[PDB]
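In what follows, a single structure is set out as structure tokens and then discussed.
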Amino acid sequence: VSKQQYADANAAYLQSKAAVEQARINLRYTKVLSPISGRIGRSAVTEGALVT
Amino acid sequence: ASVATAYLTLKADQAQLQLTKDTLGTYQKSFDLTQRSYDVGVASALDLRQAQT
């Protein structure tokens with residue numbers, strides 16, 4: 001194959017590897033992690049509540 | 001009639017030789033452009049081999 005075809009295939013592979021990381025970010029957002037370390041209060045919402 | 005036939009045959013085949021000599025130069029220029037396109041990296045060896053054939 002030519003070098004331009006390999007450059008095109010590498011560009012498409014890297015764009016897909018970035019899109020799957022964009023998906024992993026939102027998948028990591030559904031497990032909402034504690035941003036800092038400290039004492040946590042009470043939960044203002046319970047199980048079954050809809051958030052936005 | 002035989003002398004006239006052989007003379008016209010030679011007259012035709014010299015023009016055939018000149019026209020094939022032009023076609024060979026056309027193919028040579030096309031191979032040079034394909035070799036340049038392969039040496040810069042846009043074509044592959046599969047096109048270079050066809051232009052060689």
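In the structure tokens, each chain is lettered A, B, ... as it comes, each chain's residues begin at 1, and ligands are numbered from 1 in order of appearance.
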
Could the residues of chain A within 7 Å of chain B, counting only C-alpha atoms, be given as a PyMOL selection string, please?
chain A and resi 1-4

For region 24-30 of chain A: contacts at 12 Å, only C-alpha atoms, fewer than 6 positions along chain excluded, given as a list in words
residues 17, 18, 51 and 52 of chain A

Dump of C-alpha atoms for the selected residues, as a PDB file, in the first residue's frame:
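Final file, again_4.pdb:
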ATOM      1  CA  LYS A  17      -9.611   5.830  19.581  1.00  0.00           C
ATOM      2  CA  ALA A  18     -10.545   9.356  20.630  1.00  0.00           C
ATOM      3  CA  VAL A  51     -31.280  14.004  37.905  1.00  0.00           C
ATOM      4  CA  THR A  52     -30.232  16.191  34.987  1.00  0.00           C
TER       5      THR A  52
END

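Residue neighbourhood of region 25-35 of chain B, excluding near-sequence residues (fewer than 5 positions): residues 48, 51 and 52 of chain B, at 7 Å, using only C-alpha atoms.
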
Include N, CA and C atoms and write out the residues we just selected as a PDB file, in the first residue's frame.
ATOM      1  N   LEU B  48       3.297   0.968  -9.851  1.00  0.00           N
ATOM      2  CA  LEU B  48       4.623   1.058 -10.446  1.00  0.00           C
ATOM      3  C   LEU B  48       4.935  -0.171 -11.285  1.00  0.00           C
ATOM      4  N   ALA B  51       2.878   0.108 -14.595  1.00  0.00           N
ATOM      5  CA  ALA B  51       3.544   1.058 -15.476  1.00  0.00           C
ATOM      6  C   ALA B  51       4.876   0.533 -15.995  1.00  0.00           C
ATOM      7  N   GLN B  52       5.527  -0.371 -15.261  1.00  0.00           N
ATOM      8  CA  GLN B  52       6.725  -1.020 -15.778  1.00  0.00           C
ATOM      9  C   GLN B  52       6.392  -2.027 -16.870  1.00  0.00           C
TER      10      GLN B  52
END
